[PDB]
Amino acid sequence: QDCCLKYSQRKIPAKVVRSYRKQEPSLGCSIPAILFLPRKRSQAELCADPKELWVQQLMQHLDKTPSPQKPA
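Residues numbered from 1 in each chain as written, not as in the entry; some residues may be left out. Heavy atoms only, no water. Residues with missing side-chain atoms left out of burial classes, pairs and counts.

Listed as the method for this PDB entry is X-ray crystallography; the listed resolution is 1.90 Å.

If you check the PDB entry, the protein appears there as C-C motif chemokine 21 from Homo sapiens. Its official PDB title, as written in the record, is "Crystal Structure of Truncated CCL21". Per UniProt, the protein carries the Subcellular location text "Secreted". According to its UniProt record, the protein has this under Sequence similarities: "Belongs to the intercrine beta (chemokine CC) family." (UniProt positions renumbered as here; feature names shortened; annotations may be inferred.)

Structure, rendered in structure tokens:
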């Protein structure tokens, strides 16, 4: 249902993220995005640009201990 419309203007450190998911372009949602899921429930999911180097780097570190992803 919900989806990312904008991207983080701030880098986040891996210490606060538990996992990520991918958002592909769709009818409800027109941009691709990376969704970073927080360790603390006091925090929201964070939308981020897939092309940014820090985003790629974080995903790559998180992938050392991967979580399930959205089918497709």
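Some remarks on the state of the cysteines
What we call a disulfide is simply a covalent bond connecting the sulfur atoms of a pair of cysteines. According to the stated counting rule, one finds two disulfides in the structure shown. Note that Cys-3 is cross-linked by a disulfide to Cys-29, the S-S spacing being 2.0 Å. Judged by the sign of its S-S torsion, about -80°, the cystine formed by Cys-3 and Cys-29 is left-handed. Within this pair, whereas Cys-3 is found in the segment before strand 1 (17-23), its partner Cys-29 is found in the loop between strand 1 and strand 2 (33-38), the two being separated by 26 residues in sequence. The partly exposed category is assigned to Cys-3, whose relative accessible area is 23%. Accessibility expressed as a relative area gives 10% for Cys-29, which makes it buried. Note on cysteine connectivity: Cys-4 is disulfide-linked to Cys-47, with sulfurs 2.1 Å apart. Taking the sign of the S-S torsion, -75° for the link of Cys-4 and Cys-47, the bridge is left-handed. (Disulfide = S-S within 2.5 Å. Helix = DSSP H or I, 4+ residues; strand = E, 2+ residues; numbered from the N terminus. Buried < 20%, exposed > 50% of the residue type's maximum accessible area, 1.4 Å probe, protein only.)

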